[PDB]
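*Asks:* Take a look at this one; I'll ask things after.
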Amino acid sequence: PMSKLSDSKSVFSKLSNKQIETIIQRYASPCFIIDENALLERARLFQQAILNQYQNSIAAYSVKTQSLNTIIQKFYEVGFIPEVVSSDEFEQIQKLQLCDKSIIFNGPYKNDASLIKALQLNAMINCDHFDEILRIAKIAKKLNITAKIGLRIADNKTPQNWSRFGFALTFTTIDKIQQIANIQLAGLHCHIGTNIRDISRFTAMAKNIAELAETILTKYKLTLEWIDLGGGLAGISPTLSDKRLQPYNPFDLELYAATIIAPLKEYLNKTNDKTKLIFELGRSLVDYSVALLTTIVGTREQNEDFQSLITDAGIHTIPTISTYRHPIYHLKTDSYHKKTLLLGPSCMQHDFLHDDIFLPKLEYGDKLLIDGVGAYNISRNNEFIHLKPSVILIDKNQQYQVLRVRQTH
Amino acid sequence: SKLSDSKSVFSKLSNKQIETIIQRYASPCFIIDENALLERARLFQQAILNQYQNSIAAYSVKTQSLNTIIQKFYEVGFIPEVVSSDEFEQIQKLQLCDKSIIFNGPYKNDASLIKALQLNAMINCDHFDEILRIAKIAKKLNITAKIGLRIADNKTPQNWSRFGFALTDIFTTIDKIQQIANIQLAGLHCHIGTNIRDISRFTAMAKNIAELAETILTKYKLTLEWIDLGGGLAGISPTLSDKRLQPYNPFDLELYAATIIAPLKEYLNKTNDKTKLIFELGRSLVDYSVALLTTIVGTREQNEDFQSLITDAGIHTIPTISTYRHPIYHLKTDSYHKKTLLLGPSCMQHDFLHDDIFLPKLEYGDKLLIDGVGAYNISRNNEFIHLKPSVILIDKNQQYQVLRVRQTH
Ligand SMILES: *Cc1c(COP(=O)(O)O)cnc(C)c1O
Ligand SMILES: *Cc1c(COP(=O)(O)O)cnc(C)c1O
C-alpha cells in the first residue's frame, strides 16, 4: 500500500507530480535527484555516533561511492576526511584545493606521481601488497624523509570476511618492514566487504584487529597511530534474493559504532586515546538520499492482469538494479495493481529494472521514482547508446542545483 | 601464448612499439588496427554483394561509436544504423553527404522522429504505440510515414524474443496498420541475438522472413522496400561458459552471406531485385581489430606453481571480460607457465581479467595485450575509480592517431 510516492517513507515523498514534471522539463528524463538535507543529516549523525563511542574518531568520505565534487565538498565541510582508492581519485581531491590536505590513500594501485604528492602532504597510506611498500621506500630515500604507512589486513580468521585483498591474518611481513629503512609502520586498515547487515562480522573483525594491535604492541614495542575499520555497512535496498520486499530502515549507526568499537576499547584505552579510529562508511550514508526519475516511453503489453513497459532508464543508468531491489514508486491515484515488467530502453535481454513488481496501469508519459540509488551508480554511467543523464541537487533551501549537466552530442 | 607466435592482428607488434605507445599515451591503452578493420569491412560488403546486388552493409554504431571509425565505414559504403535518439543525433552532427540512416530501437523521442521522418530514414518499429506516435506526427506534417516492422522469429527455438512483433496473428497487427492513416508498411527488420555461432539460426530466420514477405505480397499486394536481417554473428572470443579456451577464427563471412541470403532469393528475384537487403553485423566485424595494453603494477602471490598479480586495467576498462575469455598475450620469452590470477586495480571480488590461465612468471612493469576487445567496451568506460584511458588508432601507415584522449580531472 506504500507503492505511491506520497504514501511512502522515501526522502522524496514530498515531491509532487508537478515538481517532478518541472525537474524533467528543466533537466530531462531520466534524472538523478539528491536531497541535501537528508544526506547531510545522515553525515552529521554518523559523526555523532562514533565520537560518542570514542573521542578520537574520524569519519572519512568514501569518494568512490559518490564522487561528485559538490558532494565531496559538503562532506568535507562537516569534518569528513577524503578517502581515495586510486591515483585519479587522489588527484581529484587535490584539484578541489581543500584547505586541510588531510587524506587517506587506499587502493591496490598507487602510481609513482601519486605517492610522491601523498608523502609530501603526509597522507595516511594503507598498503595491501608488498611490492608497494618497497616502491614507497625508494621514493622515501630519493625524497629524503621517512614515510609512515599502514597495512591493509584481511580478516581471514573469520570465514565470512576471508579475502585475497590485504595481508592475511590467519606477521612475517612486519618483521621485514622494520629492517626496511625509510619506512615506519603507523597504522592498520581492514575493509571486510559491502552491504553487510550481519554486524557480527564487524565484531569478529574488530576483535582480531584488536588482538593484532596488542601483539604488535608487545612483539614490537609499537603503538599504532591509526586503525581504519573501512566501511561495508548495509544500505536500505534488499538484495534480489532477499525475501523482504520493502526497504530496510537506514541502519542504526549508533548500534554499528557500539558493536564495532567495543572489542577495541581495551587497546585504545592503553594508548591513552591517541590511536585514531577511522571509519569509511559509504553506501550506508549516501544511498537513500538519491533517487532516479524515469519516464514510461513505450508499451509492449497491456491487459487486465499484466503490463510490459519500456522506461527511459535501464541497467546502464542504475547498474546496481541488477543486484538490489531498489524501491520503485509511482505517482498514480489507483488501487488496482498488476504484475509489471519494466524494460530498459535497450532490446538487450538483461536490461530490465524489475520483472515481478505490482504497479497500477501505466502509460506513455507516466513517471516512476527509483529510490536508494545513491551508491555506485552515477559515476558508472557511460555513453553506451544513451548519453549520461542530469544529476540535480535539491539543496538545503529546496532550490535545484545542477551537479552534472545532461550530456549532448 | 606469446604475442609474436599468436594469430592476433597485433602479433606483428614490437616491445619497443608497445613501450612507445604506453610512454606516449599511458597504460592501460586501447589500440585499433585500421588495416585489419577496414579489410574485414570490405570483405563483408563483397560477400553480401556477390550474393545479391541490392545488399547494403549497415554500421552498428553502438558496437563501436567512435566518430572516426563511423566515418571510415561510411567511406567504404556502410550506412549508419542507430538504436537511440542520441545515436541518431550523433550521426547528424557528422553532417554526412548521404543522409541515409537506419533508425532502430525501442525508444525514439519526438525530436528524432520529426527529423527522421523528413530525411527518408528507414525507421523500424518494435512496438505498436510507437507506430501511433509516428502516425500522429506524420499527420501534423501532412505526410505518410514509411515504417519497417521488427519481427521476433519465434518459430525458431533459439530466436524467441520479446522484442518485436511475434512471427509464430502478426497479420492482426498489419491489418490494423492498413487502417491507420499516414502510415505505410515498407520493410521488415529481424535481429535474433548476439554472439551467434550456429548460423542455422540465421538460415531458419531468413526462411521464415521470406515466407512472411511472400504472404504480405499476396495478401496486401505489397512488395517490401527493405528487409533488414540485423546482426548477431559471433566474434573470436569464447564465452567463459565455453569449454574451449583458445580464440576462434574470425567467422567465415562468405559462409554467413551465402547461407542467410539463399532462402530469400526466390522472393527478391520475384521483386526484380528492388527490395534492399540490409545487414547490421557489428561484433564479428570490429572485435579482433582492437586490443588493450595493460601493465602489471603489483604482486600478491608468487610461487612457481601459482602467481597472483595486479593489473592497471580491469572489468571497468573491458567489461565484456566478465562474459568472454578474451585472449591474453604476453611479450616475454619463456617456456615455463603457471596458473595465473590477474586482479584488476580494484579490490572487488569480481574484478579479475582471468582466474585460471597459464602464463610465464611476470613482474612489476611487465605488459600484456588483451585481444578481441573492439565490441562493447570502449563506449562503456566510465569515471568510477579510474578515469577513461586513451584510444589509439594504428593508421594504414602504421602511425598513431588519437581517437580519444586520456581523461584527467
Ligand atoms: C568500498 C570501500 C569503502 C566503502 O564501502 P561501503 O560498502 O560503501 O560502505 C571504504 N573503504 C574502502 C577501501 C573501500 O574499498
Ligand atoms: C546489437 C545490434 C546489432 C549489432 O549486433 P552484433 O552482435 O554486434 O553483431 C545490429 N542491429 C541491432 C538492432 C542491434 O540491437
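Following the order of the C-alpha cells, first chain is A, next is B, and so on, with residues numbered from 1 inside each chain and ligands from 1 in the order they appear.
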Under the rule of at most 7 Å, produce a per-residue listing of chain A near ligand 1: chain, number, name, the closest pair of atoms, and the distance in Å, as a Markdown table, using only C-alpha atoms and all ligand atoms.

*Replies:*
```
| residue | atom | partner | partner_atom_place_in_ligand_line | distance |
| --- | --- | --- | --- | --- |
| A:62 | CA | ligand 1 | 10 (C) | 5.4 |
| A:65 | CA | ligand 1 | 8 (O) | 5.8 |
| A:85 | CA | ligand 1 | 13 (C) | 6.3 |
| A:106 | CA | ligand 1 | 13 (C) | 5.7 |
| A:107 | CA | ligand 1 | 13 (C) | 6.5 |
| A:191 | CA | ligand 1 | 13 (C) | 6.0 |
| A:193 | CA | ligand 1 | 7 (O) | 6.6 |
| A:194 | CA | ligand 1 | 7 (O) | 3.9 |
| A:195 | CA | ligand 1 | 7 (O) | 5.5 |
| A:230 | CA | ligand 1 | 11 (N) | 4.6 |
| A:231 | CA | ligand 1 | 9 (O) | 3.9 |
| A:232 | CA | ligand 1 | 7 (O) | 3.4 |
| A:233 | CA | ligand 1 | 9 (O) | 5.3 |
| A:234 | CA | ligand 1 | 7 (O) | 6.8 |
| A:280 | CA | ligand 1 | 10 (C) | 4.4 |
| A:281 | CA | ligand 1 | 9 (O) | 4.0 |
| A:282 | CA | ligand 1 | 8 (O) | 3.7 |
| A:283 | CA | ligand 1 | 8 (O) | 3.7 |
| A:284 | CA | ligand 1 | 9 (O) | 6.0 |
| A:375 | CA | ligand 1 | 8 (O) | 6.9 |
```

*Asks:* Suppose we keep C-alpha atoms; can you now write the selection as a compact mmCIF listing (two decimals), in the first residue's frame?

*Replies:*
```
# COMPACT_ATOMS: atom_id res chain seq x y z
CA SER A 62 34.48 7.26 0.52
CA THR A 65 30.80 5.61 -3.60
CA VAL A 85 41.31 4.23 -3.70
CA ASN A 106 43.94 3.23 -0.13
CA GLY A 107 43.83 1.00 -3.19
CA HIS A 191 37.67 -3.48 4.89
CA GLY A 193 33.00 -6.39 2.36
CA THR A 194 29.94 -4.47 1.26
CA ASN A 195 26.25 -4.35 2.19
CA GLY A 230 36.84 0.60 6.49
CA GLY A 231 33.20 0.57 5.51
CA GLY A 232 30.75 -2.08 4.35
CA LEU A 233 27.59 -1.42 6.36
CA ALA A 234 24.36 -2.33 4.61
CA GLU A 280 34.98 4.71 5.77
CA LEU A 281 31.23 4.15 5.53
CA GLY A 282 29.89 4.96 2.09
CA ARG A 283 26.75 3.17 0.94
CA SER A 284 25.01 3.37 4.31
CA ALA A 375 25.78 4.33 -4.16
```

*Asks:* For the contact check between chain A and ligand 2, emit one row per residue of chain A within 10 Å, containing the shortest atom pair and the distance in Å rounded to one decimal, counting only C-alpha atoms and all ligand atoms, chain then rising number order, as a Markdown table.

*Replies:*
```
| residue | atom | partner | partner_atom_place_in_ligand_line | distance |
| --- | --- | --- | --- | --- |
| A:346 | CA | ligand 2 | 15 (O) | 7.7 |
| A:347 | CA | ligand 2 | 15 (O) | 6.3 |
| A:348 | CA | ligand 2 | 15 (O) | 7.3 |
```

*Asks:* Once DSSP has gone over the backbone, tell me which residues of region 129-366 of chain A are in strand (DSSP E or B), as an NGL selection string.

*Replies:* :A and (147-154 or 167-168 or 183-189 or 196 or 226-228 or 233 or 239 or 276-279 or 290-303 or 306-311 or 324 or 328-330 or 337-343 or 352-360)

*Asks:* Run DSSP on the backbone and grab whatever in region 88-320 of chain B lands in alpha helix (DSSP H); send it over as a ChimeraX atom specification.

*Replies:* /B:88-92,110-117,128-140,170-179,200-219,253-261,265-270,283-286

*Asks:* Report as a ChimeraX atom specification the set of chain A residues whose atoms approach chain B to within 8 Å, with distances computed over only C-alpha atoms.

*Replies:* /A:64,85-89,91-92,95,107-109,129-132,165,297-300,310,312,345-347,379-387,408-409

*Asks:* Take the residues from that selection and put them in a file with N, CA, C and O atoms, as a compact mmCIF listing (two decimals), in the first residue's frame.

*Replies:*
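File produced: result04.txt:
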```
# COMPACT_ATOMS: atom_id res chain seq x y z
N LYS A 64 34.79 6.95 -3.89
CA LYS A 64 34.33 6.08 -4.97
C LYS A 64 32.82 5.86 -4.92
O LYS A 64 32.19 5.67 -5.97
N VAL A 85 40.83 5.57 -3.41
CA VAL A 85 41.31 4.23 -3.70
C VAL A 85 42.03 4.17 -5.05
O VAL A 85 42.21 3.08 -5.60
N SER A 86 42.46 5.31 -5.58
CA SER A 86 43.16 5.34 -6.85
C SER A 86 43.94 6.64 -6.95
O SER A 86 43.73 7.58 -6.18
N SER A 87 44.85 6.69 -7.93
CA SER A 87 45.61 7.91 -8.17
C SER A 87 44.72 9.00 -8.76
O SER A 87 44.87 10.18 -8.42
N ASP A 88 43.79 8.63 -9.64
CA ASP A 88 42.86 9.60 -10.19
C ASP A 88 42.02 10.24 -9.09
O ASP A 88 41.87 11.46 -9.03
N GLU A 89 41.46 9.41 -8.21
CA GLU A 89 40.70 9.95 -7.08
C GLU A 89 41.58 10.83 -6.21
O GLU A 89 41.16 11.90 -5.77
N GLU A 91 44.10 12.61 -7.22
CA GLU A 91 44.27 13.89 -7.90
C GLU A 91 42.96 14.67 -7.95
O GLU A 91 42.97 15.90 -7.97
N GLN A 92 41.81 13.98 -8.00
CA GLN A 92 40.53 14.69 -7.93
C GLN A 92 40.48 15.55 -6.67
O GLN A 92 40.09 16.72 -6.72
N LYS A 95 42.72 18.70 -6.84
CA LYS A 95 42.15 19.77 -7.65
C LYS A 95 41.09 20.55 -6.88
O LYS A 95 40.85 21.72 -7.17
N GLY A 107 43.90 1.51 -1.84
CA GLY A 107 43.83 1.00 -3.19
C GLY A 107 45.00 0.12 -3.56
O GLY A 107 46.11 0.26 -3.03
N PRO A 108 44.78 -0.82 -4.49
CA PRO A 108 45.85 -1.76 -4.86
C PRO A 108 46.84 -1.20 -5.87
O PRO A 108 47.85 -1.86 -6.15
N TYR A 109 46.59 -0.01 -6.42
CA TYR A 109 47.43 0.56 -7.47
C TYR A 109 47.58 2.05 -7.20
O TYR A 109 46.64 2.82 -7.40
N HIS A 129 49.72 -4.84 -0.56
CA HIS A 129 50.65 -5.81 -1.11
C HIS A 129 52.07 -5.28 -0.90
O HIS A 129 52.28 -4.10 -0.60
N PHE A 130 53.04 -6.18 -1.06
CA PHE A 130 54.39 -5.92 -0.56
C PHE A 130 55.17 -5.01 -1.49
O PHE A 130 55.79 -4.03 -1.07
N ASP A 131 55.15 -5.31 -2.79
CA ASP A 131 55.83 -4.52 -3.81
C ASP A 131 55.56 -3.03 -3.67
O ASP A 131 56.40 -2.22 -4.09
N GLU A 132 54.42 -2.65 -3.10
CA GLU A 132 54.12 -1.23 -2.93
C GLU A 132 54.94 -0.62 -1.78
O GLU A 132 55.42 0.52 -1.87
N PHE A 165 42.54 -9.76 -0.54
CA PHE A 165 42.95 -8.36 -0.54
C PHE A 165 43.45 -8.00 0.85
O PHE A 165 42.66 -7.93 1.80
N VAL A 297 8.10 5.25 -21.71
CA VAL A 297 8.20 5.77 -23.06
C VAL A 297 7.67 4.79 -24.10
O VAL A 297 7.83 5.02 -25.31
N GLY A 298 7.04 3.71 -23.67
CA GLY A 298 6.50 2.74 -24.61
C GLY A 298 5.86 1.59 -23.88
O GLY A 298 6.12 1.35 -22.69
N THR A 299 5.02 0.87 -24.61
CA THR A 299 4.27 -0.26 -24.08
C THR A 299 4.42 -1.45 -25.02
O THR A 299 4.24 -1.31 -26.23
N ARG A 300 4.74 -2.62 -24.45
CA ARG A 300 4.76 -3.86 -25.22
C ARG A 300 3.53 -4.72 -24.98
O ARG A 300 3.07 -5.39 -25.91
N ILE A 310 8.21 0.01 -21.40
CA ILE A 310 9.55 0.49 -21.72
C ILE A 310 9.78 1.78 -20.95
O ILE A 310 8.98 2.72 -21.05
N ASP A 312 12.72 4.94 -19.91
CA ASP A 312 13.87 5.62 -20.49
C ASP A 312 15.13 5.47 -19.64
O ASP A 312 16.14 6.11 -19.93
N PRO A 345 15.56 0.98 -22.05
CA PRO A 345 15.49 1.44 -23.44
C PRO A 345 16.53 0.79 -24.34
O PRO A 345 17.18 1.44 -25.16
N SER A 346 16.68 -0.52 -24.18
CA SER A 346 17.58 -1.33 -24.98
C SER A 346 16.86 -2.64 -25.22
O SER A 346 16.18 -3.13 -24.32
N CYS A 347 16.98 -3.21 -26.42
CA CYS A 347 16.44 -4.55 -26.65
C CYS A 347 17.46 -5.63 -26.27
O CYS A 347 17.65 -6.61 -27.00
N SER A 379 28.49 7.47 -11.06
CA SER A 379 29.80 7.57 -11.68
C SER A 379 30.11 6.40 -12.61
O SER A 379 31.13 6.44 -13.31
N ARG A 380 29.25 5.38 -12.64
CA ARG A 380 29.39 4.28 -13.58
C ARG A 380 28.57 4.49 -14.85
O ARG A 380 28.66 3.67 -15.77
N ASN A 381 27.78 5.56 -14.91
CA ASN A 381 27.13 5.95 -16.15
C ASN A 381 28.17 6.06 -17.26
O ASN A 381 29.34 6.36 -17.01
N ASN A 382 27.73 5.82 -18.49
CA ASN A 382 28.64 5.84 -19.64
C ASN A 382 27.88 6.40 -20.84
O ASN A 382 26.74 6.85 -20.72
N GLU A 383 28.52 6.35 -22.01
CA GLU A 383 27.97 6.90 -23.24
C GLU A 383 27.51 5.80 -24.20
O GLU A 383 27.41 6.04 -25.41
N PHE A 384 27.21 4.62 -23.68
CA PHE A 384 26.80 3.48 -24.49
C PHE A 384 25.31 3.61 -24.81
O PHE A 384 24.46 3.47 -23.93
N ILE A 385 25.02 3.89 -26.09
CA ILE A 385 23.67 4.03 -26.62
C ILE A 385 23.06 5.36 -26.20
O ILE A 385 22.69 6.18 -27.04
N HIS A 386 22.92 5.56 -24.89
CA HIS A 386 22.35 6.79 -24.35
C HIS A 386 23.42 7.55 -23.58
O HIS A 386 24.23 6.95 -22.85
N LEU A 387 23.44 8.87 -23.74
CA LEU A 387 24.40 9.69 -23.01
C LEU A 387 23.97 9.84 -21.56
O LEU A 387 22.88 9.40 -21.16
N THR A 408 25.08 15.95 -24.28
CA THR A 408 24.54 16.00 -25.63
C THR A 408 25.69 15.94 -26.62
O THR A 408 26.83 16.30 -26.31
N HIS A 409 25.38 15.47 -27.82
CA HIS A 409 26.37 15.36 -28.88
C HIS A 409 26.61 16.71 -29.54
O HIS A 409 25.67 17.45 -29.83
```

*Asks:* Write out as a ChimeraX atom specification which residues come within 6 Å of region 137-153 of chain A when counting only C-alpha atoms, dropping same-chain ones fewer than 4 positions away.

*Replies:* /A:125-128,166-168,182-190

*Asks:* Mind writing the picked residues with C-alpha atoms as a PDB file, in the first residue's frame?

*Replies:*
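Output file result_32.pdb follows:
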```pdb
ATOM      1  CA  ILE A 125      48.787   5.453   3.035  1.00  0.00           C
ATOM      2  CA  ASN A 126      47.489   1.908   3.610  1.00  0.00           C
ATOM      3  CA  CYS A 127      49.256  -0.786   1.579  1.00  0.00           C
ATOM      4  CA  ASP A 128      47.713  -4.153   0.707  1.00  0.00           C
ATOM      5  CA  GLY A 166      45.369  -7.431   2.228  1.00  0.00           C
ATOM      6  CA  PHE A 167      47.989  -9.229   4.279  1.00  0.00           C
ATOM      7  CA  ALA A 168      46.309 -12.300   5.722  1.00  0.00           C
ATOM      8  CA  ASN A 182      62.802   4.893   5.407  1.00  0.00           C
ATOM      9  CA  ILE A 183      59.530   3.045   6.171  1.00  0.00           C
ATOM     10  CA  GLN A 184      57.787   3.095   9.573  1.00  0.00           C
ATOM     11  CA  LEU A 185      54.609   1.167  10.313  1.00  0.00           C
ATOM     12  CA  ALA A 186      51.976   3.581  11.612  1.00  0.00           C
ATOM     13  CA  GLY A 187      48.530   2.030  11.199  1.00  0.00           C
ATOM     14  CA  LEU A 188      46.218  -0.787  10.198  1.00  0.00           C
ATOM     15  CA  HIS A 189      43.400  -0.896   7.653  1.00  0.00           C
ATOM     16  CA  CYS A 190      40.684  -3.515   7.198  1.00  0.00           C
TER      17      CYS A 190
END
```

*Asks:* Skipping near chain neighbours, those fewer than 3 positions away, what residues fall within 10 Å of region 177-186 of chain B using only C-alpha atoms, listed as a ChimeraX atom specification?

*Replies:* /B:122-124,128,131-132,134-149,171-174,216,220,222-227,275

*Asks:* Using the selection just defined, write its residues with C-alpha atoms as a PDB file, in the first residue's frame.

*Replies:*
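Final output, result_31.pdb:
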```
ATOM      1  CA  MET B 122      14.409   3.586 -42.585  1.00  0.00           C
ATOM      2  CA  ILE B 123      12.562   3.513 -39.264  1.00  0.00           C
ATOM      3  CA  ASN B 124      11.961   0.042 -37.825  1.00  0.00           C
ATOM      4  CA  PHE B 128       2.663  -0.675 -31.742  1.00  0.00           C
ATOM      5  CA  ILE B 131       3.637   3.376 -34.764  1.00  0.00           C
ATOM      6  CA  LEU B 132       0.793   5.551 -33.495  1.00  0.00           C
ATOM      7  CA  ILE B 134       4.699   8.312 -35.791  1.00  0.00           C
ATOM      8  CA  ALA B 135       1.266   8.406 -37.421  1.00  0.00           C
ATOM      9  CA  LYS B 136       0.204  11.428 -35.372  1.00  0.00           C
ATOM     10  CA  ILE B 137       3.481  13.213 -36.132  1.00  0.00           C
ATOM     11  CA  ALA B 138       3.158  12.322 -39.817  1.00  0.00           C
ATOM     12  CA  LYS B 139      -0.332  13.824 -39.907  1.00  0.00           C
ATOM     13  CA  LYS B 140       0.957  17.115 -38.456  1.00  0.00           C
ATOM     14  CA  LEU B 141       3.439  17.191 -41.343  1.00  0.00           C
ATOM     15  CA  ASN B 142       0.822  16.051 -43.900  1.00  0.00           C
ATOM     16  CA  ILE B 143       2.975  13.108 -44.979  1.00  0.00           C
ATOM     17  CA  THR B 144       2.682   9.320 -44.972  1.00  0.00           C
ATOM     18  CA  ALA B 145       5.474   7.701 -42.962  1.00  0.00           C
ATOM     19  CA  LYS B 146       7.131   4.581 -44.346  1.00  0.00           C
ATOM     20  CA  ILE B 147       7.984   2.232 -41.484  1.00  0.00           C
ATOM     21  CA  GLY B 148       9.581  -1.150 -41.004  1.00  0.00           C
ATOM     22  CA  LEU B 149       8.314  -3.710 -38.507  1.00  0.00           C
ATOM     23  CA  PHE B 171      -1.295 -10.092 -39.533  1.00  0.00           C
ATOM     24  CA  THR B 172      -3.769  -8.755 -36.989  1.00  0.00           C
ATOM     25  CA  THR B 173      -1.082  -6.103 -36.445  1.00  0.00           C
ATOM     26  CA  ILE B 174      -0.593  -5.246 -40.111  1.00  0.00           C
ATOM     27  CA  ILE B 216       2.414  -9.956 -47.375  1.00  0.00           C
ATOM     28  CA  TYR B 220      -1.843  -6.997 -49.414  1.00  0.00           C
ATOM     29  CA  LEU B 222       2.600  -5.255 -51.145  1.00  0.00           C
ATOM     30  CA  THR B 223       6.235  -5.565 -52.200  1.00  0.00           C
ATOM     31  CA  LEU B 224       8.567  -4.597 -49.369  1.00  0.00           C
ATOM     32  CA  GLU B 225      11.138  -1.836 -49.819  1.00  0.00           C
ATOM     33  CA  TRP B 226      13.702  -3.346 -47.447  1.00  0.00           C
ATOM     34  CA  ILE B 227      14.426  -6.472 -45.419  1.00  0.00           C
ATOM     35  CA  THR B 275      13.911  -4.894 -52.271  1.00  0.00           C
TER      36      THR B 275
END
```

*Asks:* I'd like a table as CSV: residues in region 202-243 of chain A with an atom no more than 8 Å from region 249-265 of chain A, each row giving the shortest atom pair and its distance in Å to one decimal, only C-alpha atoms counted, sorted by chain and rising residue number.

*Replies:*
```
residue,atom,partner,partner_atom,distance
A:202,CA,A:260,CA,5.4
A:203,CA,A:260,CA,5.2
A:206,CA,A:263,CA,5.8
A:207,CA,A:263,CA,5.1
A:209,CA,A:264,CA,7.9
A:210,CA,A:264,CA,5.4
A:233,CA,A:251,CA,7.8
A:234,CA,A:251,CA,7.0
A:235,CA,A:250,CA,6.5
A:236,CA,A:250,CA,5.5
```

*Asks:* In Å, how far is it from CA of residue 78 (chain A) to CA of residue 43 (chain A)?

*Replies:*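 Going from CA of residue 78 (chain A) over to CA of residue 43 (chain A) covers 7.9 Å.
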